[PDB]
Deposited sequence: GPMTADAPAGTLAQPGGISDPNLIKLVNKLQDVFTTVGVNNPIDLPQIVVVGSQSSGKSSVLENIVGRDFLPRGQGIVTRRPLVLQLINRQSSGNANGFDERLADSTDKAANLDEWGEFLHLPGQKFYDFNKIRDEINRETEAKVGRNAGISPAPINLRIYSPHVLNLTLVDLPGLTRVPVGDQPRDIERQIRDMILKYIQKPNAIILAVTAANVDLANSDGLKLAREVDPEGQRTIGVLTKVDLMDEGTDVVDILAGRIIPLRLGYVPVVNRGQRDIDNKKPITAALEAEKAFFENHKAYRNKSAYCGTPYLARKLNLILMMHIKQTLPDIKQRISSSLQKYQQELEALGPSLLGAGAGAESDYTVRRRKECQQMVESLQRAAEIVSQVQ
């Protein structure tokens, strides 16, 4: 299933939210948690779709050669607990009734087979922009339900290009740039600036665009793809050390599936093992290899999401404490437990509120 430790779907991460969500409910606070979006941005063919799908943990995004992603795909992960011929014709070994996808343009239809989700993304793409590299900003809206995911939104985007191809107009570059800016200009979006390691970092569209909207690198993570394709003897060590174009949140090198791996339908599990072995055996990456590969990028995102969840505790702690002192000061006047029917009931109301607020304050402390 989609539960994977260390990433955006870490089981402890989901449990933390549910515990805080009950705290918010006990105190009467609409959900204040506001998780950021995760957006891949970079030059065309840099491997953006592969990176984004690895964060989800299950394949569902079209990947390959040429111009592939030609419309924004806004994926909204939605947490839903558990409640067959519906999975009889499934070609996805990991299909289960607790996890499925829903497209906005196909209401009522559920996709338990993630290979069929990918097929529909490609189908819906061609239905709107054809089969000759046409691009459109109209997003494909996808909802994926699972008991193991957060209420998080991830965005796949077309890559920025230089020369129009096929049906693309002369100003396609500005159109794609403006398309991407819509999704990363928002203050909370986490920008995954994806650059292929087999091209000099100074040519990175992702880094240029990310630095325009996030000059201080408060929400930009560098992703260096295709490390396995670098010229023999060259490496990205100087980049990881912060010597070329420093990023506050740093860079993460990854090795995703090549085109032959795609044609052979190599499972993601075998691809992650091959990535791990690559860095552990490379003379330049054996050192601190735990900070290389897809698992480490998921750790950075996991920690950032923890930051935004915990970012709400201050206001909640102050609200619980101040509210607790208000009711305790009312219990002080009513006095210890013949008496007015109002006084007996108000004392009970205040007592119950104290017990609820005390139970809430301790839960926030144990986090």
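Going by C-alpha coordinates, which parts of the deposited sequence are missing from this model? Since the structure holds only modelled residues, the stretches it omits are 1-10, 94-99, 354-360, 391.
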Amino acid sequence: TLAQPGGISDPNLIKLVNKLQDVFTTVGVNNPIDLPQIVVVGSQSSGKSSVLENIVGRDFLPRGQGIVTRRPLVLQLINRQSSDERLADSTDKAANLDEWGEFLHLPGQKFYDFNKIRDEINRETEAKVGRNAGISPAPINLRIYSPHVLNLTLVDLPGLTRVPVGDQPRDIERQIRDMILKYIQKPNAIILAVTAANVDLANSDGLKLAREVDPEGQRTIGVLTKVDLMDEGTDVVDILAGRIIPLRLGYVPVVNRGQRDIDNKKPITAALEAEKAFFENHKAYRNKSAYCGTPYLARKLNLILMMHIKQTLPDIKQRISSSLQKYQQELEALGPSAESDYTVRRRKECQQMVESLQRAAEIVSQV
From here on, numbers count along this sequence of modelled residues.
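Name the higher of the two by mean Cα B-factor in the PDB entry, 63-71 versus 327-335. Mean B over CA atoms: larger for 327-335.
Test of understanding: from the entry's C-alpha B-factors, which stretch has the higher mean, 84-92 or 174-182? Taking the mean B-factor of the alpha carbons in each, 84-92 is higher.
For the listed 41, 27, 38, 55, which has the peak Cα B-factor recorded in the PDB entry? That would be 27.
Residue 215 - Cα temperature factor, lowest/middle/highest third of chain: For residue 215, whose C-alpha B-factor we compare with every modelled residue in the chain, the answer is the middle third.
Can you work out whether the C-alpha temperature factor of residue 48 puts it in the lowest, middle or highest third of the chain? As the PDB entry reports it, the C-alpha B-factor of residue 48 lands in the lowest third of its chain.
Assigned third (lowest, middle, highest) for the C-alpha B factor of residue 98: As the PDB entry reports it, the C-alpha B-factor of residue 98 lands in the highest third of its chain.
Should residue 141 be placed in the lowest, middle or highest third of its chain by the C-alpha B factor in the entry? Answer is middle: the recorded C-alpha B-factor places it there.
Looking at the temperature factor on the CA atom of residue 118, which third of the chain's modelled residues does it land in? Residue 118: CA B-factor falls in the middle third of its chain.
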